[PDB]
Amino acid sequence: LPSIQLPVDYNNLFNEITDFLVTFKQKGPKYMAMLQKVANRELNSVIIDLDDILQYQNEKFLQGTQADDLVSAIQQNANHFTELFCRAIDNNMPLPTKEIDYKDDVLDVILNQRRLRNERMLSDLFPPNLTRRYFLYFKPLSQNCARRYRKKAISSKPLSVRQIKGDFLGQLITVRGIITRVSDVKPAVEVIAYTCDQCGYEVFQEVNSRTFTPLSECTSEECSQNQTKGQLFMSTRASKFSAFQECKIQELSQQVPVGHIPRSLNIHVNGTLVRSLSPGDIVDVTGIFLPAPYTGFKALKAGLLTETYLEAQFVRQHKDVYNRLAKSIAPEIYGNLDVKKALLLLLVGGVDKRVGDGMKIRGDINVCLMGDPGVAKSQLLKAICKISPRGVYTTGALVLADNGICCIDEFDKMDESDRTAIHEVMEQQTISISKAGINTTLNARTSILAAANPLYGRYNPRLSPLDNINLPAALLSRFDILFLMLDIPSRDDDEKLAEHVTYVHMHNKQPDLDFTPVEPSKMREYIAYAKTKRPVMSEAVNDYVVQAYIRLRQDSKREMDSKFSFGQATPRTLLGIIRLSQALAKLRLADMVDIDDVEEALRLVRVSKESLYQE
Amino acid sequence: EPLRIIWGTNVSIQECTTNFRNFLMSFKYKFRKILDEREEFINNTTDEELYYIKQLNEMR
DNA sequence: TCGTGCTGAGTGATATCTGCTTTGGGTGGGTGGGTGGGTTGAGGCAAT
DNA sequence: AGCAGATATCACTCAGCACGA
Ligand SMILES: Nc1ncnc2c1ncn2[C@@H]1O[C@H](COP(=O)(O)OP(=O)(O)OP(=O)(O)O)[C@@H](O)[C@H]1O
Ligand SMILES: [Mg+2]
Ligand SMILES: [Zn+2]
């Protein structure tokens, strides 16, 4: 074990840490107050701000009593400084100011009795981590503070998984990425307490590894002296445990080089930081990059190759009304007012579903878009899915869409099994799993947004609407509203479309200037408010709806006498009409359903299909 | 005398045994009713009759 | 027939040294098994 | 590193006798 002479003196650094804890001010000292709070059981986590250390160093240098660079020493090797800071805190822990029930704690009684036994023996001891009731974390050095004092902040500089090499091991670094996996919280053992059946004494063991060998034989003075062979038995009541969570962080798309596959890095979370990371959130995890040595035969067989993980220390989390909302849904596309209004109605989905007789009318205003290629079906899908809080985008996921709209693209190309799945979702609003492995049933009251293409790829006027649609007629009937979109050539419309697209391409902004789009945040919170609202309908509006229903039924029968009609009106069309009226009433923020809402719903129903079919 | 204590605490096993025996021997649901702030629902027969004694008799 | 050694080899016993083997993965094999794990991708076959 | 088998060197029990009481 040859020795080296390194330019670090841990005694001076410990004195520096103690002075910083005792004297630093930013009232009394900040960290002294924090320790006072910890003593009274008010705080269970202490965070050391490297900015405070840098400021203290600057003040000491200004005063002329230049001291060692503590920030750099902490950054270069943080594992030792955690223990150093813990020792410094322990040596200066203030006496509690609020009386507490000491006898309640098992550890207090056990240590008091150990003291009594030791006093008796003398008349004829425990690890410091055992009694610690706090956790220590390091907050990285802020870039602003470092630039103020003319210093480089390595710890707070974001890095990708690739940029974390072997030369960064043992340092305090930050990682930017997206969490892809988080495990369940489990107890990690740090100190193990044993008992002697014969002796009556308590033994302790410190665990700092993946694995440990339990004790078997008593080591007490009494046992040794008396020659009594006493067996040691584990006691989980007096042991010390810390919450443990293992997470995976993956590279962002913009960080991967050309022609490379993303990489992932493990993260270890201990103490009160648990539950601070969830899948799908982009985070700036600051921690100590450390290796994870193997043990036993694995150690010998592995070789010099070492695994690595990150000890989490800090986590930074990254971030006329109808017409206006419709136009602001997707400004980039050419004006399609009716489709946008239908999308609003689907999104809000207002309904009163409280029949209570055994079933309840479906509470989802499902929308299906079918049209020849060229219309911006993908753009509507993506925009409406982005705005929705529970919107899920899939290509021909339902669980994530529960109690929310489902954004399904390439609906016609979907396999028959998924067709049956969505059929169950609509008719029953339930998700059922019947497998040997597991059998779970999850309710799914989720709306569906469907985009499909005709059988021949483009709509054929000669063929009937049903012929152009590959899906079963029952599925089409179950859809509350069906919108048919077509691309009819025309000089004026084509010229405006070309001008709009060209302006968007050039200036990277919306060409329209007649009106200013409403802010998306306002629109989404208004939608949430409308959803929270509950409307109500009277008997007169019920009779009006009945009259509209008989008129629509007669008209639809007459139309279906010919082959042009999509399908005959059915009580399902009724229920859809009332659902749309309830959604519009929710929009209006007025409890009573008005005749205007019913008329608007009827005109929307007419223009969804007939307006384009007649053309 | 040997004095039995639960490991890691200062609670006497004899005290717990006698307390539980006293609770089982003499207890009425009216105490629960008053505790739950439902004192005005108290009847005169069931709430004034021993509960766990009846439970033990039925169990036997 | 009690007490105190001296003799003693027998009958232990317990404090003390000598050789596997393992993880899991083909840097142990298919005369250890496939119900102890691995295990997603390509390929050929029969019922459809 | 840990575990199971084994060697060999460590004491302890009943065995019995000489003196005297
Ligand atoms: N009204 C429009 N204004 C501007 N661009 C449009 C418009 N409609 C369609 N586009 C453009 O059409 C391009 C291709 O069409 P898009 O993917 O949006 O839908 P689609 O033709 O229905 O799709 P699919 O080919 O998958 O059936 C998109 O890049 C979009 O920019
Ligand atoms: Mg598309
Ligand atoms: Zn012991």
# chains A, B, ... in the order shown; residues from 1 in each chain; ligands from 1
>>> residues_near_ligand(ligand="ligand 2", cutoff="8 Å", atoms="only C-alpha atoms (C1' of nucleotides) and all ligand atoms", output="list in words")
residues 373, 376, 377, 378, 379, 409, 410 and 451 of chain A
>>> interface_residues(of="chain B", to="chain A", cutoff="9 Å", atoms="only C-alpha atoms", output="PyMOL selection string")
chain B and resi 7-10
>>> write_last_selection(atoms="N, CA and C atoms", output="compact mmCIF listing (two decimals), in the first residue's frame")
# COMPACT_ATOMS: atom_id res chain seq x y z
N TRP B 7 -39.68 -6.06 25.21
CA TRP B 7 -38.34 -5.62 24.85
C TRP B 7 -38.38 -4.25 24.18
N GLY B 8 -37.48 -3.37 24.60
CA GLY B 8 -37.36 -2.06 24.01
C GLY B 8 -38.32 -1.02 24.54
N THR B 9 -39.20 -1.38 25.47
CA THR B 9 -40.18 -0.46 26.04
C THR B 9 -40.18 -0.61 27.55
N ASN B 10 -41.07 0.15 28.20
CA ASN B 10 -41.23 0.11 29.65
C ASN B 10 -42.65 -0.27 30.06
>>> atom_distance(atom1="atom CA of residue 588 of chain A", atom2="atom CA of residue 534 of chain A")
10.8 Å
>>> residues_around(residues="segment 572-579 of chain A", least_positions_apart="5", cutoff="10 Å", atoms="only C-alpha atoms (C1' of nucleotides)", output="CSV table (one decimal) with N, CA and C atoms, in the first residue's frame")
chain,number,residue,atom,x,y,z
A,345,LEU,N,-66.8,20.4,-29.1
A,345,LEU,CA,-67.9,19.6,-28.4
A,345,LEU,C,-67.4,18.3,-27.9
A,349,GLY,N,-67.3,17.5,-23.9
A,349,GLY,CA,-68.0,16.3,-23.6
A,349,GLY,C,-69.0,16.4,-22.4
A,350,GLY,N,-69.7,17.6,-22.4
A,350,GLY,CA,-70.6,17.7,-21.3
A,350,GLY,C,-71.8,16.8,-21.4
A,351,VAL,N,-72.2,16.2,-20.3
A,351,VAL,CA,-73.3,15.2,-20.3
A,351,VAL,C,-73.8,15.0,-18.8
A,352,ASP,N,-75.0,14.6,-18.7
A,352,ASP,CA,-75.6,14.2,-17.4
A,352,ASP,C,-76.0,12.7,-17.5
A,353,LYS,N,-75.1,11.9,-16.9
A,353,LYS,CA,-75.3,10.4,-17.0
A,353,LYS,C,-75.5,9.9,-15.6
A,361,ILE,N,-77.0,6.5,-20.4
A,361,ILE,CA,-76.6,6.9,-21.7
A,361,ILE,C,-75.1,7.3,-21.7
A,362,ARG,N,-74.4,6.8,-22.8
A,362,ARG,CA,-73.0,7.1,-22.9
A,362,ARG,C,-72.7,8.6,-22.8
A,363,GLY,N,-71.6,8.9,-22.0
A,363,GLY,CA,-71.3,10.3,-21.7
A,363,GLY,C,-70.2,10.9,-22.6
A,364,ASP,N,-69.9,10.2,-23.7
A,364,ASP,CA,-68.9,10.7,-24.6
A,364,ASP,C,-69.4,11.0,-26.0
A,365,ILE,N,-69.1,12.2,-26.4
A,365,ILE,CA,-69.5,12.7,-27.8
A,365,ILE,C,-68.4,12.3,-28.7
A,366,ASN,N,-68.5,11.0,-29.2
A,366,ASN,CA,-67.4,10.5,-30.1
A,366,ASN,C,-67.5,11.2,-31.4
A,477,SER,N,-72.9,3.7,-36.9
A,477,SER,CA,-74.2,4.2,-36.2
A,477,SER,C,-73.9,4.6,-34.8
A,478,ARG,N,-73.0,3.8,-34.1
A,478,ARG,CA,-72.7,4.2,-32.7
A,478,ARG,C,-72.0,5.5,-32.5
A,479,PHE,N,-71.3,6.0,-33.6
A,479,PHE,CA,-70.6,7.3,-33.5
A,479,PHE,C,-71.7,8.4,-33.4
A,480,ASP,N,-71.5,9.3,-32.5
A,480,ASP,CA,-72.5,10.4,-32.2
A,480,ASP,C,-72.5,11.3,-33.4
A,481,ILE,N,-71.3,11.7,-33.9
A,481,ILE,CA,-71.2,12.6,-35.0
A,481,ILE,C,-70.1,12.1,-36.0
A,537,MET,N,-82.2,20.5,-18.0
A,537,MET,CA,-83.2,20.7,-19.1
A,537,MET,C,-84.6,20.6,-18.6
A,542,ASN,N,-87.7,19.4,-23.8
A,542,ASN,CA,-87.8,18.0,-24.1
A,542,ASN,C,-88.9,17.8,-25.2
A,545,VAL,N,-87.3,18.8,-28.4
A,545,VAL,CA,-86.4,17.7,-28.9
A,545,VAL,C,-87.2,16.6,-29.5
A,546,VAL,N,-88.3,16.2,-28.9
A,546,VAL,CA,-89.1,15.1,-29.4
A,546,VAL,C,-89.7,15.5,-30.8
A,548,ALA,N,-88.3,17.6,-32.9
A,548,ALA,CA,-87.2,17.5,-33.8
A,548,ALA,C,-86.8,16.1,-34.2
A,549,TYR,N,-87.0,15.2,-33.2
A,549,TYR,CA,-86.7,13.8,-33.4
A,549,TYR,C,-87.6,13.2,-34.4
A,550,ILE,N,-88.9,13.5,-34.3
A,550,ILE,CA,-89.9,12.9,-35.3
A,550,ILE,C,-89.6,13.4,-36.6
A,552,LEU,N,-86.8,14.5,-37.9
A,552,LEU,CA,-85.6,14.0,-38.4
A,552,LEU,C,-85.8,12.5,-38.8
A,553,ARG,N,-86.6,11.8,-38.0
A,553,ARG,CA,-86.8,10.4,-38.3
A,553,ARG,C,-87.6,10.3,-39.7
A,584,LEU,N,-73.2,21.8,-25.1
A,584,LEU,CA,-73.3,23.3,-25.5
A,584,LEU,C,-73.8,24.1,-24.3
A,585,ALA,N,-74.7,23.5,-23.5
A,585,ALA,CA,-75.2,24.2,-22.3
A,585,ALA,C,-74.0,24.4,-21.3
A,593,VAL,N,-80.9,24.4,-20.3
A,593,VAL,CA,-80.6,24.2,-21.7
A,593,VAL,C,-81.6,25.0,-22.6
A,597,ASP,N,-79.2,26.2,-28.2
A,597,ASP,CA,-78.2,25.1,-28.1
A,597,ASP,C,-78.7,23.9,-28.9
A,598,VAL,N,-80.0,23.6,-28.8
A,598,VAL,CA,-80.6,22.4,-29.6
A,598,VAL,C,-80.5,22.7,-31.1
A,599,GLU,N,-80.8,23.9,-31.5
A,599,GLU,CA,-80.8,24.3,-32.9
A,599,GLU,C,-79.3,24.2,-33.4
A,601,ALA,N,-76.9,22.3,-32.2
A,601,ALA,CA,-76.6,20.9,-32.3
A,601,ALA,C,-77.2,20.3,-33.6
A,602,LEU,N,-78.4,20.6,-33.9
A,602,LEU,CA,-79.1,20.1,-35.1
A,602,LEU,C,-78.4,20.6,-36.3
A,604,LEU,N,-75.2,21.5,-36.6
A,604,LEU,CA,-74.0,20.8,-36.6
A,604,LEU,C,-74.1,19.4,-37.1
A,605,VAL,N,-75.2,18.7,-36.7
A,605,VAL,CA,-75.5,17.3,-37.2
A,605,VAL,C,-75.7,17.4,-38.7
>>> select_by_dssp(residues="segment 34-71 of chain A", states="strand (DSSP E)", output="MDAnalysis selection string")
chainID A and resid 45:49
>>> write_last_selection(atoms="N, CA and C atoms", output="PDB file, in the first residue's frame")
ATOM      1  N   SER A  45     -34.496  16.774   6.950  1.00  0.00           N
ATOM      2  CA  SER A  45     -33.569  16.854   5.830  1.00  0.00           C
ATOM      3  C   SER A  45     -32.872  18.205   5.856  1.00  0.00           C
ATOM      4  N   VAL A  46     -31.544  18.182   5.779  1.00  0.00           N
ATOM      5  CA  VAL A  46     -30.721  19.385   5.765  1.00  0.00           C
ATOM      6  C   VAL A  46     -30.014  19.456   4.419  1.00  0.00           C
ATOM      7  N   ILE A  47     -30.117  20.605   3.758  1.00  0.00           N
ATOM      8  CA  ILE A  47     -29.543  20.813   2.434  1.00  0.00           C
ATOM      9  C   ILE A  47     -28.478  21.893   2.548  1.00  0.00           C
ATOM     10  N   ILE A  48     -27.267  21.577   2.100  1.00  0.00           N
ATOM     11  CA  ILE A  48     -26.145  22.508   2.125  1.00  0.00           C
ATOM     12  C   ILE A  48     -26.066  23.184   0.764  1.00  0.00           C
ATOM     13  N   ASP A  49     -26.168  24.509   0.755  1.00  0.00           N
ATOM     14  CA  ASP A  49     -26.133  25.288  -0.478  1.00  0.00           C
ATOM     15  C   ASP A  49     -24.691  25.686  -0.764  1.00  0.00           C
TER      16      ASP A  49
END
>>> residues_around(residues="segment 6-14 of chain D", least_positions_apart="4", cutoff="9 Å", atoms="only C-alpha atoms (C1' of nucleotides)", output="PyMOL selection string")
chain C and resi 11-18
>>> residues_near_ligand(ligand="ligand 3", cutoff="10 Å", atoms="only C-alpha atoms (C1' of nucleotides) and all ligand atoms", output="PyMOL selection string")
chain A and resi 195-203+217-232
>>> write_last_selection(atoms="C-alpha atoms", output="PDB file, in the first residue's frame")
ATOM      1  CA  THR A 195     -29.892  -9.636  20.552  1.00  0.00           C
ATOM      2  CA  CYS A 196     -28.268 -12.260  22.764  1.00  0.00           C
ATOM      3  CA  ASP A 197     -30.491 -14.916  24.319  1.00  0.00           C
ATOM      4  CA  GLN A 198     -28.043 -15.577  27.138  1.00  0.00           C
ATOM      5  CA  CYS A 199     -26.187 -12.339  27.667  1.00  0.00           C
ATOM      6  CA  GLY A 200     -29.063  -9.930  27.505  1.00  0.00           C
ATOM      7  CA  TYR A 201     -26.991  -7.409  25.527  1.00  0.00           C
ATOM      8  CA  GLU A 202     -27.564  -5.716  22.173  1.00  0.00           C
ATOM      9  CA  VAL A 203     -25.149  -5.768  19.231  1.00  0.00           C
ATOM     10  CA  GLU A 217     -22.119 -15.681  17.674  1.00  0.00           C
ATOM     11  CA  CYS A 218     -22.169 -13.194  20.525  1.00  0.00           C
ATOM     12  CA  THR A 219     -19.158 -10.906  20.941  1.00  0.00           C
ATOM     13  CA  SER A 220     -20.066  -9.266  24.237  1.00  0.00           C
ATOM     14  CA  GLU A 221     -17.621  -8.929  27.117  1.00  0.00           C
ATOM     15  CA  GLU A 222     -19.855 -10.973  29.412  1.00  0.00           C
ATOM     16  CA  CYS A 223     -20.221 -13.784  26.930  1.00  0.00           C
ATOM     17  CA  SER A 224     -16.528 -13.896  26.236  1.00  0.00           C
ATOM     18  CA  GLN A 225     -15.596 -13.871  29.881  1.00  0.00           C
ATOM     19  CA  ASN A 226     -18.123 -16.453  30.952  1.00  0.00           C
ATOM     20  CA  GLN A 227     -17.520 -18.567  27.882  1.00  0.00           C
ATOM     21  CA  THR A 228     -21.244 -18.772  27.248  1.00  0.00           C
ATOM     22  CA  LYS A 229     -22.038 -19.501  23.581  1.00  0.00           C
ATOM     23  CA  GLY A 230     -24.968 -17.270  22.705  1.00  0.00           C
ATOM     24  CA  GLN A 231     -26.632 -16.984  19.347  1.00  0.00           C
ATOM     25  CA  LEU A 232     -27.444 -13.623  17.778  1.00  0.00           C
TER      26      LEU A 232
END
>>> closest_residue(among="A:204, A:85, A:411, A:526", to="ligand 1", atoms="only C-alpha atoms and all ligand atoms")
A:411
>>> residues_near_ligand(ligand="ligand 1", cutoff="9 Å", atoms="only C-alpha atoms (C1' of nucleotides) and all ligand atoms", output="list in words")
residues 332, 333, 334, 335, 336, 370, 371, 372, 373, 374, 375, 376, 377, 378, 379, 380, 409, 410, 451, 452, 453, 457, 497, 498, 500, 501 and 504 of chain A
>>> write_last_selection(atoms="N, CA, C and O atoms", output="JSON list (two decimals), in the first residue's frame")
[["chain", "number", "residue", "atom", "x", "y", "z"],
["A", 332, "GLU", "N", -52.75, 27.00, -37.69],
["A", 332, "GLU", "CA", -51.90, 26.74, -38.85],
["A", 332, "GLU", "C", -52.68, 26.18, -40.03],
["A", 332, "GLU", "O", -52.21, 26.29, -41.17],
["A", 333, "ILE", "N", -53.85, 25.59, -39.80],
["A", 333, "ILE", "CA", -54.61, 24.97, -40.88],
["A", 333, "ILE", "C", -55.56, 26.00, -41.48],
["A", 333, "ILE", "O", -55.85, 27.04, -40.88],
["A", 334, "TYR", "N", -56.05, 25.70, -42.68],
["A", 334, "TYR", "CA", -57.05, 26.55, -43.31],
["A", 334, "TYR", "C", -58.39, 26.41, -42.59],
["A", 334, "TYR", "O", -58.74, 25.33, -42.10],
["A", 335, "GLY", "N", -59.13, 27.51, -42.52],
["A", 335, "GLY", "CA", -60.36, 27.56, -41.74],
["A", 335, "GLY", "C", -61.35, 26.45, -42.03],
["A", 335, "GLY", "O", -61.89, 26.35, -43.14],
["A", 336, "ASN", "N", -61.60, 25.60, -41.03],
["A", 336, "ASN", "CA", -62.64, 24.57, -41.07],
["A", 336, "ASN", "C", -63.45, 24.74, -39.79],
["A", 336, "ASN", "O", -63.21, 24.06, -38.80],
["A", 370, "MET", "N", -63.54, 11.26, -41.59],
["A", 370, "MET", "CA", -63.20, 10.44, -42.74],
["A", 370, "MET", "C", -63.13, 11.33, -43.97],
["A", 370, "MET", "O", -64.06, 12.09, -44.24],
["A", 371, "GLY", "N", -62.03, 11.23, -44.71],
["A", 371, "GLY", "CA", -61.85, 12.06, -45.88],
["A", 371, "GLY", "C", -60.69, 11.58, -46.72],
["A", 371, "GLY", "O", -59.85, 10.79, -46.27],
["A", 372, "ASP", "N", -60.66, 12.06, -47.96],
["A", 372, "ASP", "CA", -59.59, 11.70, -48.87],
["A", 372, "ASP", "C", -58.27, 12.33, -48.42],
["A", 372, "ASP", "O", -58.27, 13.32, -47.69],
["A", 373, "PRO", "N", -57.14, 11.76, -48.83],
["A", 373, "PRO", "CA", -55.85, 12.33, -48.42],
["A", 373, "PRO", "C", -55.71, 13.76, -48.91],
["A", 373, "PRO", "O", -56.16, 14.11, -50.01],
["A", 374, "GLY", "N", -55.07, 14.59, -48.09],
["A", 374, "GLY", "CA", -54.88, 15.99, -48.42],
["A", 374, "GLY", "C", -55.41, 16.92, -47.34],
["A", 374, "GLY", "O", -54.81, 17.95, -47.06],
["A", 375, "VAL", "N", -56.55, 16.56, -46.74],
["A", 375, "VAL", "CA", -57.02, 17.31, -45.59],
["A", 375, "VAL", "C", -56.06, 17.08, -44.42],
["A", 375, "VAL", "O", -55.36, 16.07, -44.33],
["A", 376, "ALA", "N", -56.03, 18.05, -43.51],
["A", 376, "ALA", "CA", -55.06, 18.02, -42.42],
["A", 376, "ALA", "C", -55.53, 17.17, -41.25],
["A", 376, "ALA", "O", -55.45, 17.60, -40.10],
["A", 377, "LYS", "N", -55.97, 15.94, -41.53],
["A", 377, "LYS", "CA", -56.49, 15.08, -40.47],
["A", 377, "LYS", "C", -55.46, 14.88, -39.37],
["A", 377, "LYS", "O", -55.78, 14.97, -38.17],
["A", 378, "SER", "N", -54.21, 14.63, -39.75],
["A", 378, "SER", "CA", -53.16, 14.44, -38.77],
["A", 378, "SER", "C", -52.98, 15.69, -37.91],
["A", 378, "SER", "O", -52.74, 15.60, -36.71],
["A", 379, "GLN", "N", -53.10, 16.87, -38.52],
["A", 379, "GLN", "CA", -52.92, 18.11, -37.76],
["A", 379, "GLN", "C", -54.03, 18.30, -36.73],
["A", 379, "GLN", "O", -53.76, 18.64, -35.58],
["A", 380, "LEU", "N", -55.29, 18.09, -37.13],
["A", 380, "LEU", "CA", -56.37, 18.14, -36.15],
["A", 380, "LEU", "C", -56.14, 17.13, -35.03],
["A", 380, "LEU", "O", -56.29, 17.45, -33.85],
["A", 409, "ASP", "N", -55.26, 7.40, -34.91],
["A", 409, "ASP", "CA", -54.96, 7.70, -36.30],
["A", 409, "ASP", "C", -54.94, 6.41, -37.12],
["A", 409, "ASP", "O", -54.69, 5.32, -36.59],
["A", 410, "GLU", "N", -55.19, 6.55, -38.42],
["A", 410, "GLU", "CA", -55.28, 5.40, -39.31],
["A", 410, "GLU", "C", -56.30, 4.39, -38.78],
["A", 410, "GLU", "O", -56.02, 3.21, -38.60],
["A", 451, "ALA", "N", -59.73, 8.83, -37.22],
["A", 451, "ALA", "CA", -59.43, 9.31, -38.56],
["A", 451, "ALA", "C", -59.26, 8.11, -39.47],
["A", 451, "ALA", "O", -58.50, 7.19, -39.16],
["A", 452, "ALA", "N", -59.96, 8.12, -40.60],
["A", 452, "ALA", "CA", -59.97, 6.99, -41.51],
["A", 452, "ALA", "C", -60.02, 7.49, -42.95],
["A", 452, "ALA", "O", -60.39, 8.63, -43.22],
["A", 453, "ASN", "N", -59.62, 6.60, -43.87],
["A", 453, "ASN", "CA", -59.67, 6.87, -45.29],
["A", 453, "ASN", "C", -60.68, 5.95, -45.97],
["A", 453, "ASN", "O", -60.94, 4.84, -45.48],
["A", 457, "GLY", "N", -59.22, 4.59, -50.99],
["A", 457, "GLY", "CA", -58.27, 5.65, -50.67],
["A", 457, "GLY", "C", -58.88, 7.03, -50.79],
["A", 457, "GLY", "O", -58.60, 7.91, -49.98],
["A", 497, "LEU", "N", -55.21, 28.57, -49.98],
["A", 497, "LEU", "CA", -54.46, 27.53, -49.28],
["A", 497, "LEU", "C", -52.97, 27.64, -49.59],
["A", 497, "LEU", "O", -52.13, 27.56, -48.68],
["A", 498, "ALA", "N", -52.63, 27.84, -50.86],
["A", 498, "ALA", "CA", -51.22, 27.97, -51.24],
["A", 498, "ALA", "C", -50.59, 29.19, -50.59],
["A", 498, "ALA", "O", -49.46, 29.13, -50.09],
["A", 500, "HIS", "N", -51.48, 30.65, -47.79],
["A", 500, "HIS", "CA", -51.33, 30.38, -46.36],
["A", 500, "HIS", "C", -50.12, 29.50, -46.09],
["A", 500, "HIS", "O", -49.30, 29.79, -45.21],
["A", 501, "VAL", "N", -49.98, 28.41, -46.85],
["A", 501, "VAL", "CA", -48.87, 27.49, -46.63],
["A", 501, "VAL", "C", -47.54, 28.19, -46.91],
["A", 501, "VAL", "O", -46.57, 28.01, -46.18],
["A", 504, "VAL", "N", -46.70, 30.53, -44.07],
["A", 504, "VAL", "CA", -46.27, 29.76, -42.91],
["A", 504, "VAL", "C", -44.84, 29.28, -43.09],
["A", 504, "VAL", "O", -44.02, 29.34, -42.17]]
>>> residues_around(residues="residue 38 of chain B", least_positions_apart="6", cutoff="12 Å", atoms="only C-alpha atoms (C1' of nucleotides)", output="MDAnalysis selection string")
chainID B and resid 29:32 47
>>> write_last_selection(atoms="N, CA, C and O atoms", output="PDB file, in the first residue's frame")
ATOM      1  N   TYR B  29     -71.731  -0.904  25.204  1.00  0.00           N
ATOM      2  CA  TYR B  29     -71.692  -0.137  23.964  1.00  0.00           C
ATOM      3  C   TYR B  29     -72.077   1.322  24.169  1.00  0.00           C
ATOM      4  O   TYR B  29     -71.811   2.150  23.292  1.00  0.00           O
ATOM      5  N   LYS B  30     -72.705   1.655  25.300  1.00  0.00           N
ATOM      6  CA  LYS B  30     -73.041   3.049  25.565  1.00  0.00           C
ATOM      7  C   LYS B  30     -71.790   3.912  25.670  1.00  0.00           C
ATOM      8  O   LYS B  30     -71.824   5.097  25.324  1.00  0.00           O
ATOM      9  N   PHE B  31     -70.680   3.338  26.139  1.00  0.00           N
ATOM     10  CA  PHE B  31     -69.420   4.075  26.152  1.00  0.00           C
ATOM     11  C   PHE B  31     -68.989   4.435  24.736  1.00  0.00           C
ATOM     12  O   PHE B  31     -68.559   5.566  24.473  1.00  0.00           O
ATOM     13  N   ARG B  32     -69.105   3.487  23.805  1.00  0.00           N
ATOM     14  CA  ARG B  32     -68.810   3.784  22.408  1.00  0.00           C
ATOM     15  C   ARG B  32     -69.761   4.843  21.867  1.00  0.00           C
ATOM     16  O   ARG B  32     -69.346   5.742  21.125  1.00  0.00           O
ATOM     17  N   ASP B  47     -77.565  -1.200  24.919  1.00  0.00           N
ATOM     18  CA  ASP B  47     -76.409  -0.374  25.250  1.00  0.00           C
ATOM     19  C   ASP B  47     -76.026  -0.466  26.720  1.00  0.00           C
ATOM     20  O   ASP B  47     -74.884  -0.149  27.068  1.00  0.00           O
TER      21      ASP B  47
END
>>> closest_atom_pairs(of="chain A", to="chain C", cutoff="12 Å", atoms="only C-alpha atoms (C1' of nucleotides)", output="CSV")
residue,atom,partner,partner_atom,distance
A:294,CA,C:23,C1',10.7
A:295,CA,C:23,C1',10.1
A:296,CA,C:23,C1',8.6
A:297,CA,C:23,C1',6.1
A:298,CA,C:23,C1',5.3
A:299,CA,C:23,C1',9.0
A:300,CA,C:23,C1',9.5
A:301,CA,C:23,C1',7.7
A:302,CA,C:23,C1',9.4
>>> write_last_selection(atoms="C-alpha atoms", output="PDB file, in the first residue's frame")
ATOM      1  CA  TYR A 294     -19.541  -6.414  -6.848  1.00  0.00           C
ATOM      2  CA  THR A 295     -19.131  -8.843  -3.967  1.00  0.00           C
ATOM      3  CA  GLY A 296     -17.960 -12.460  -3.577  1.00  0.00           C
ATOM      4  CA  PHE A 297     -17.420 -14.780  -6.591  1.00  0.00           C
ATOM      5  CA  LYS A 298     -19.083 -12.214  -8.912  1.00  0.00           C
ATOM      6  CA  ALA A 299     -16.437  -9.704  -7.990  1.00  0.00           C
ATOM      7  CA  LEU A 300     -13.662 -12.119  -8.986  1.00  0.00           C
ATOM      8  CA  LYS A 301     -15.427 -13.222 -12.241  1.00  0.00           C
ATOM      9  CA  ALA A 302     -16.375  -9.712 -13.438  1.00  0.00           C
TER      10      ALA A 302
END
>>> residues_around(residues="segment 27-34 of chain A", least_positions_apart="6", cutoff="12 Å", atoms="only C-alpha atoms (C1' of nucleotides)", output="PyMOL selection string")
chain A and resi 17-21+40-49+52-53+85+88-90+92-97+134+136
>>> residues_around(residues="segment 12-27 of chain B", least_positions_apart="5", cutoff="8 Å", atoms="only C-alpha atoms (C1' of nucleotides)", output="PyMOL selection string")
chain B and resi 3-6+50-53
